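Heads up, the chain below is alone and in the form deposited in one PDB entry; it's given as structure tokens.
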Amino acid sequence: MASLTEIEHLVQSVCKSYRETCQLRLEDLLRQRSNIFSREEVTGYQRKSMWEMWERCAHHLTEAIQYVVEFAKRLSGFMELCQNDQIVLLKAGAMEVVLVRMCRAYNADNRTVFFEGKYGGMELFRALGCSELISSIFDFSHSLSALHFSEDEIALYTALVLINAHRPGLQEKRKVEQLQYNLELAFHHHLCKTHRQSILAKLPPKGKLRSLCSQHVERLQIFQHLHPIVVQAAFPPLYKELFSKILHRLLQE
């Protein structure tokens, strides 16, 4: 099942599907690395209330997950799976896909990230009262930056993050397994061709992405307990769905 030419076609289809669905262009992100938030603007973010910061960030996370949903829909084999499985995959892998994609908006020279139009370090998010979570996200982004990923590599890697046959609650496990294998062949074939099989040992352990997503759900339950109405009234429906039937509607478009 799937010859040499079919693997090279899958490689190119995955690389195309990814370029079409990344929220921010790498060119644009790079042509902005100098637009850094001033000490005053940073103090402004630091002084904003916890609920204000949480709402802005949940809104930003929602926009990203939305482009990730569009990646999955454009991804070969995904829309052929049943609705239950498509939802199991996104509910579990969307956040993880955003966690990989965020390395493109990160600068390892000055340890900053792109946020609301400019770059700023960890201290920008002090008002969230996360600390450990913000550190973890920054460390994760730092470790992926070390890998010097090409766009095709993030494409192939993120497709595999999402197409996970081990996700609890899969109705047609074999059908996901076949797709994951094809995507594994494609990824490794591309790594082999480009002489980049080196990164294989250096890719993050599968439990690291799980740890980050878990910390997110734990820091949210803490916030939701202190500001329940802020979450019901000002948090996005799709965010509440994944982390607290938008998916069924987004997938049917």
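Numbers for residues come from their place in the sequence shown, where the first is 1.
Below, we refer to the form deposited with a small molecule bound, which is not included among the displayed structures.
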Is the small molecule in the deposited complex close enough to 94, 217 and 242 that every residue in that trio has a heavy atom within 4.5 angstroms of it? yes
Find out whether any non-hydrogen atom of residue 187 is located within 4.5 angstroms of the small molecule in the deposited complex, and reply yes or no. no
Against the small molecule in the deposited complex, would residue 90 count as a contact residue? Criterion: heavy atoms within 4.5 Å. yes
Does any heavy atom of residue 238 come within 4.5 Å of a heavy atom of the small molecule in the deposited complex? yes
Can you tell me whether residue 221 touches the small molecule? I mean in the deposited complex, with a 4.5 angstroms heavy atom cut-off. yes
